[PDB]
Amino acid sequence: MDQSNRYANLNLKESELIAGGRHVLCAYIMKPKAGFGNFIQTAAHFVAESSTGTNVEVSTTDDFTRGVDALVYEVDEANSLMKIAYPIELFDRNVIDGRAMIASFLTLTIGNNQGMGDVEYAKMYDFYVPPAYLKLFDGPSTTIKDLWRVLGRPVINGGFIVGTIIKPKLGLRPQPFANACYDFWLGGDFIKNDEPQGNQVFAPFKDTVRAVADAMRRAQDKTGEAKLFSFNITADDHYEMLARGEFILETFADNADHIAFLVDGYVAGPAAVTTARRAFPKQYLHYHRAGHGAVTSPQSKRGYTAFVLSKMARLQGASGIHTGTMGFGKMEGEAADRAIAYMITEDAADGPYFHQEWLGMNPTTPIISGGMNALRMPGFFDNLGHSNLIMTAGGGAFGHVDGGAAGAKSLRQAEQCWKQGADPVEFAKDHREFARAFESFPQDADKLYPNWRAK
Amino acid sequence: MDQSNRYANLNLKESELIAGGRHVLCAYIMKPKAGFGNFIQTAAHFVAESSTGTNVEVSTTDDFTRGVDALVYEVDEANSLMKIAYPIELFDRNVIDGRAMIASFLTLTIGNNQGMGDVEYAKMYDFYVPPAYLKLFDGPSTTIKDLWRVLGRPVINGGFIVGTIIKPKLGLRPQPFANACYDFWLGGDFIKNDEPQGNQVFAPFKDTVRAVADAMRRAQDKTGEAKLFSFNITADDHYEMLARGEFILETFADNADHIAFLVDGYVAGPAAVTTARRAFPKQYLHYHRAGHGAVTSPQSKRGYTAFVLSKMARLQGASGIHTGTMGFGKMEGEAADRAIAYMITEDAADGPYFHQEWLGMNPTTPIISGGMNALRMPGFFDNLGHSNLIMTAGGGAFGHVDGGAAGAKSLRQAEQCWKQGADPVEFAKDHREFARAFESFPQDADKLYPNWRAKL
Amino acid sequence: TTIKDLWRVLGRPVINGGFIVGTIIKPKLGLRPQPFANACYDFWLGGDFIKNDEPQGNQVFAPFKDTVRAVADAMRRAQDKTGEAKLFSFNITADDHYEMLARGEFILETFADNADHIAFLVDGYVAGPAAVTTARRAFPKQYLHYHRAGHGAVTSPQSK
Ligand SMILES: O=C(O)[C@@](O)(COP(=O)(O)O)[C@H](O)[C@H](O)COP(=O)(O)O
Ligand SMILES: O=C(O)[C@@](O)(COP(=O)(O)O)[C@H](O)[C@H](O)COP(=O)(O)O
Ligand SMILES: [Mg+2]
Ligand SMILES: [Mg+2]
Ligand SMILES: [Mg+2]
């Protein structure tokens, strides 16, 4: 069925839809499946299944319904491009506080339309949210600013936070776990649970949390510097999340503001993210995106990009989200991913298709992680342009030949090298921990610094 | 780095791993990315990133850690197949009640491994959960049996529940919405919110719920039959979900057990599903899977299949989940998808790779939806083999030339046609609403029943 | 929450968004729900912001829920008439923590899509820090309006 006359209006001007401030805009790369309708016919059906319609005519439709129809307003078949305008009235709102929910945005813009038989594939690359809709989202309540304050750093451009992940990913018992925490903290700032760590039978939650709390006190007493930990509180059950968060804060007591809460936001879902954001607004919300690659990978032509994921996370209220290593680590990523960081940190930024004003909504920290080490950092910072961020290196830290403490210091010195604009190999001559990272990861050293051994 | 010596043990026997009952097994179709390690090397790194390891050696690893390593135990590079055994000790448990969480299963089995640079793609096609881990999941608390009971049907094989979705998807104001509900209920059993319907500014939640409650009373008074409604209570905020559910049940009062709760489980996530399952265990939990196609589509070689999604939903405690039309409707699906239905309904069933014993865990209803109408139903039932299910037809009902009530009856008569083993075109001669579905959807009629006009 | 969040609702710049024109509903007490709401509508035709006078709440002649409903209607009518956003600051002060919650929760549900136009007023000096914190922690996304009635007993330069 051809629904183009109803759901397509290519005469609409994007600048006017934006100026109007009554529409969410979404940009897709879509391709019709062979043996069905043409591009505009397919786009029209796509819009219907994403707003007010279905695959056939229904007598129950009235003019009020047609008034809130989503509309395809711009197409470019040669480039498989499709842009759709969603009246903001379509999106669900909370009965309890009249605020927006990302779940509704997802259901409409990237829901049932991902199962359409007449569509080969469709993926969202960008979206625009107008002020009237934007202001209804929670946004971040805690930012990197609050971590800088605890660390005793300037609250403006407080600089690089040296982080790690406790490795093994799973298998460490409570005290061996806490011992590794202490070791790293002698040289580093920040430690996060690896994403699956919680209440395993061999590492009970409360025992581990208590041991880590003791390690933090010991590390802070030894170094005279503040230390941070990000605990995984992810669960299916809302009340389990509350129980974990509540126990952690009571346990850390006077160090409670040194605690971040990690949530596996992609697999547990927006509901889990919001549980943490609304229950613990004064604790840094650390969004871990495990599983995201199933749709965000450039190998996938479905779902949405990492850029879209990141932008949504800022609205949901993540204090920080993993943005990837931008091609410099072990995970899939491109150097161009730097644009993701800018979109979540700045008050105004450009996406692949839409400019976004954030209207003073708090920033979300780009958390850099995935096969990073001291050697790979100078190149990463050069591409990004700043080090006002958290970087976690698990293997990069505990894989250091001289141990976790030395690993931490190598990360510290690596960023110091980049800020000083010094040559890494020349810099290494006066910085042992950094130099020993070459010996720790010789395969990496050979690639990045061909004749590092001679010098 | 080659981690095959640690994370691969192809000498392990699947029958023994299953017999042991200490391992979750997962089957993937994976392809290494060119310019990295071979198949077994790549599978080894995959296993490391999905259990206990990372991409390099760390001094903190001990022999206890190696003991809980996941292991690739079976490979077939020619068919891109990879099977991994996960010690159940790896999976997270609730502090509050010691029960399992699907979030941990996902984090490990299909989490970070979906972003690996040395892997071109990897997708889970099946998984096995042993008794020790299986018994820790909530499972469904309400089933179709509880809907049959309200309808006055037999609680065993109570039969086909005629359903629809209120269309337009969005745009109907509270009373026009309720009017459509009333009309359909004159001929049908079951109505669900279209998945995005909730508290839109033009259709406030409480006003719509009140109007629908009135429509249910009026329809039940008119027909003398019980009517069902499935309300969307999906939200980001746990407390919004509770507020919606609590208001609905108070409003419907003596009809409160006629209410199902719909949750957009894929986009809102397992956390939202569990909110409804644990807060409202005595209300039918209707899992709507909007967005799933982004990974479950056969066009995708990442994530997991719809089979995997459906099996997870039963563990999570869905009373019913959309399983698709199995190729007979408007959404992507194949006739072979019938196996999904069997996996969520039976106490024992076979997946593409693993046999599963459910140990008396309640079944999850196959909810059939997506471009269905009276004409397409006989063929669908032929492929599945039974009609003990809920089928919702939005366009199929309200797109009927004679309206929603006639639409409902055409669906009713279509299943009766299949049950009697009658010829649809011959059956139509004596059943007007069914016959009028041919005129309502002529393109479908021409394809499905050549020369129907001549015979009608 | 800060004035930035009010500026955002008014469509003003979120930095140095400028002057917010406000008033207090007078008589301090004595207006019944609809006469109260009528005064709100009238002011909102030219102004941005209205606060409860500090003692206004659930007086027997002006029941809380009836007044909140009437004011909510006035806000919609005023916003439709002027095409500009309007703000209200409601007194939710009480001895009982749970009364404060009940008032705040009812206001936000009633105002619905205008819920972010709502500020909560707390008579912080007489009800105390405990009352201020109840509102701050229970409703962090709503502008917290600290009314200092009674402060003059110590803050006055006449007092040493
Ligand atoms: O489990 C892991 O692999 C990590 O702890 C990194 O460990 P290593 O530092 O030892 O490699 C992080 O979770 C990934 O970076 C997640 O990827 P992303 O940030 O792209 O979401
Ligand atoms: O919005 C829709 O399209 C539907 O209400 C069907 O309406 P129609 O009857 O008018 O087609 C269902 O949500 C889809 O079937 C979901 O797909 P699935 O069941 O595959 O998850
Ligand atoms: Mg990790
Ligand atoms: Mg639907
Ligand atoms: Mg006053």
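Because only heavy atoms are used, hydrogens play no part in the values below, and waters and symmetry mates are left out as well, while side chains stay in. In what follows, chains are A, B, ... by sequence order, proteins preceding strands, each numbered from 1.
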[X] portion near chain B, given a 4.5 angstrom heavy-atom threshold:
| X | answer |
| --- | --- |
| A:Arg278 | side chain |
| A:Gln316 | neither |
| A:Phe91 | backbone |
| A:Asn232 | side chain |
| A:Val58 | both |
| A:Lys206 | side chain |
| A:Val95 | both |
| A:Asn94 | both |
| A:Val119 | backbone |
| A:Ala48 | backbone |
| A:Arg289 | neither |

Do you know which of [options] has the most heavy-atom pairs with chain B at a distance under 4.5 angstrom?
| options | result |
| --- | --- |
| A:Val68, A:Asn55, A:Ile165 | A:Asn55 |
| A:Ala268, A:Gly198, A:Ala243, A:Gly98 | A:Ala268 |
| A:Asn373, A:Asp237, A:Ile110 | A:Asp237 |
| A:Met1, A:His288, A:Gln197, A:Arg277 | A:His288 |
| A:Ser104, A:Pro270, A:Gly324 | A:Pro270 |
| A:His238, A:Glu332, A:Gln200 | A:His238 |

Q. Between A:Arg99 and B:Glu240, does at least one N-O distance fall below 4.0 Å, as a salt bridge requires?
A.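 So A:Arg99 does not pair with B:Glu240 through a salt bridge.
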Q) Would you say A:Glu246 has more than 12 foreign heavy atoms packed within less than 6.0 Å of its CD? A)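 It does: A:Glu246 CD has more than 12 such atoms within range.
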Q. When you look at CD of A:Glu57, are more than 12 heavy atoms from neighbouring residues, nucleotides or ligands closer to it than 6.0 Å?
A.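 12 or below, so no.
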(Q) Using side-chain heavy atoms (C-beta onward) and a distance below 4.5 Å, is A:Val295 in contact with B:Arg302? (A)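 Not in contact.
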Q: Please identify each residue that fulfils side chain to side chain contact (heavy atoms under 4.5 Å, CB included) with A:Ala271, with sequence neighbours left out.
A: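 Result, side chain to side chain contact (heavy atoms under 4.5 Å, CB included) vs A:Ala271: B:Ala271, B:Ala272.
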Side chain from CB out, backbone as N, CA, C, O: work out which of these in [X] comes under 4.5 Å of a heavy atom of chain A, or both, or neither.
| X | result |
| --- | --- |
| B:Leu242 | side chain |
| B:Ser51 | backbone |
| B:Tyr266 | side chain |

Q.
Between B:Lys330 and A:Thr54, is there a side-chain donor-acceptor contact under 3.5 Å, judged purely by atom types and distance?
A.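 Judged by distance alone, the side chains do pair up.
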Q: Go through the structure and list residues passing salt bridge (charged side-chain N to carboxylate O under 4.0 Å, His left out) with B:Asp194, not counting sequence neighbours.
A: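 Salt bridge (charged side-chain N to carboxylate O under 4.0 Å, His left out) check on B:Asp194 returns B:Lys167, B:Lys169.
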Q: Please confirm whether B:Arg173 makes a cation-pi placement over A:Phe64, using NZ or CZ under 6.0 Å from the six-membered ring centre and within 45° of the ring normal.
A: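 Yes, B:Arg173 and A:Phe64 form such a contact.
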